[PDB]
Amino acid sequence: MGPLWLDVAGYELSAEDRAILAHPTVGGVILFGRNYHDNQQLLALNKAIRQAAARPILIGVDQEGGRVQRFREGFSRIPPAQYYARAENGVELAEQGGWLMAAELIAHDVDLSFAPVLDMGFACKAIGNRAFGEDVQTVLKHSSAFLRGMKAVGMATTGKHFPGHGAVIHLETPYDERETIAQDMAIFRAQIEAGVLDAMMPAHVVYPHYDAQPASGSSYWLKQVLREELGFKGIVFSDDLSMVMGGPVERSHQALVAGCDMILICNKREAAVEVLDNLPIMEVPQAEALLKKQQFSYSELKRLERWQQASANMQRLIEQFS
């Protein structure tokens, strides 16, 4: 596995996608709604991605529930992360949501969902009900549940958006000017200390009190804090670098230098090709810890009472608070 995550245009691999997936700088494919028509087509696409690469490769998607669930039709609908703590058995339901989301992805040959959201509060329009709660204990309590469900089916976990995007309220980059973000960061600290996060995705947010760089490209945030002060041992992602530093190669290089193990380039095939063409090849062997640890089909999954219940329970929960 190489450092680079990239994406494809549609439902099937093109000739160019195939040549791209063969390149050892590629380490993963991130999927979107546009890569999804139906269950069968998705299996077919993921099998083609794995064939084209002819080596282990990661397949990921933003499947959080609520406002962020790329694959809905033919899947169990997963509620907004916010809903769990609002039920009377929020921990129980949040673990069901996590296991169910992860289990259905796996049934469809997807390695991981980029989740859970560990941001605190609902006031940032882009986060909103994607957050588990509005205080440290509600977030920890309910994200841990969700995260235990992911782990139970053998899916690696990615906390986002480090060090916390919950308080972001007119430049190329959002700002959070509080002189302390200790509570937001405490959430991330507890999950790291508990050893439950396989990976971390940082926020594209500047915390001026702390550092001039958006956290996603910050040596302070990604190395001094994330590694040194907090002891994170897992995979650090960058933010989407297709969006100061220079062109794609320099941006990719600054992200890697800053402390990312893997970099994402979405929605810009020519920037990705420029990076494939020009970046020296590096291996990211420790990204293999992100490959799903289980294997099964959807109809095997549906034979579990655990599935029959989580599925009915998630639909019920969505109805309750919608």
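Start at 1 and count along the sequence shown; that's the residue number.
The deposited sequence places no unmodelled residues between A123 and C124, so the chain runs continuously there. In this entry, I169 and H170 are separated by 1 to 3 residues of the deposited sequence that lack coordinates. The PDB entry reports B-factors from which the mean C-alpha value can be compared for 221 to 229 and 101 to 109; the larger average falls on 221 to 229. Look at the mean CA B-factor for 141 to 149 and for 175 to 183 in the entry; the higher one is 175 to 183. Taking the deposited Cα B-factors for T158, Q213, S242, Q96, the highest one is held by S242.
In this PDB entry, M282 carries a Cα temperature factor that places it within the highest third of its chain's modelled residues. When the modelled residues of the chain are ordered by their C-alpha B factor, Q295 lands in the highest third. Remark: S238 belongs to the highest third of its chain, ranked by C-alpha B-factor as recorded.
Residue-level temperature factors show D198 in the lowest third of its chain, judged at the C-alpha atom.
In this PDB entry, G90 carries a Cα temperature factor that places it within the middle third of its chain's modelled residues.
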